[PDB]
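Next comes just one chain, in structure tokens: the form deposited in one PDB entry.
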């Protein structure tokens, strides 16, 4: 609708005559939430955590709401999300950690500590090498190289904000942002489909791995058959994001190609 809650929300935070919101536009809203909410008022006295919390909540808002990945939230995007409802719930709930969408402090601190552990040089960036060791090398060097390629964002450095997107996507491959996130990493040539040679490229490292452990890996041919039966894409040699969301098993597909540990566990 033209004058709905989403539309009025946009007009409220947007710079004048703008129909969309950028990350910066949410800052005064977050500052207000942190200054007023009883669960968050300790943050006034911990400036590094004050800033990191706001950055993290904003990443989470965009992660879930900004489905076009444009960096600009529209009223349509808000209307299809639970953000305004979550604001309505925020105004009552006194335990910030019960607001598990967007705002949870506990969730933020989990993310912060994980970032802290990976930021080996303590320079506020994560290197490709360090990220490769996250979760005991759970991810392949080829998918990590793709993360650092610009596919989901060269300085060779992942910022705190971008780590938020990585972390959420690595832990939860069932939400649509994550599925797109891994799709963009697997879509090496960026043509919007996963071709069989893009699949082989990732699978051949898992093979180079398996072989190095003394495991004879299942031949590409049979695995690809499995994955096609799994996904049932419209076009076999051109798997789309739509095919992967529709099959409802995208996370299995993804593990099979770049999380060797979670694969063997299947």
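The term rigid core refers to the maximal set of C-alpha atoms that superpose within 1.5 Å between the two forms. Residue numbers count along the first chain shown, from 1.
Missing coordinates between residue 153 and residue 154 amount to 4 to 9 residues of the deposited sequence. If you average the C-alpha B-factors over 87-95 and over 168-176, the higher value belongs to 87-95. Taking the mean C-alpha B-factor of each stretch as recorded, 102-110 and 118-126 are not equal, and the higher mean is that of 118-126. Looking only at 136, 145, 77, 187, the residue with the top Cα B factor in the deposited structure is 136. Annotation for 218, 27, 34, 57: 218 ranks highest, by Cα B-factor. In the deposited entry, the Cα temperature factor of residue 211 sits in the top third of values across the chain's modelled residues. Ranked by C-alpha B-factor against the other modelled residues of its chain, residue 226 falls in the highest third. When the modelled residues of the chain are ordered by their C-alpha B factor, residue 20 lands in the middle third. For residue 41, the recorded CA B-factor ranks within the highest third of the chain. Only modelled residues enter the ranking. Among the modelled residues of its chain, residue 140 has a C-alpha B-factor that falls in the middle third, as given in the PDB entry.
Below, we refer to the form deposited in another entry, which is not included among the displayed structures.
Superposed on the rigid core, the two forms differ between this form and the one not shown by 2 Å or more at the C-alpha of one listed residue only; from 74, 86, 132, 159 that residue is 132.
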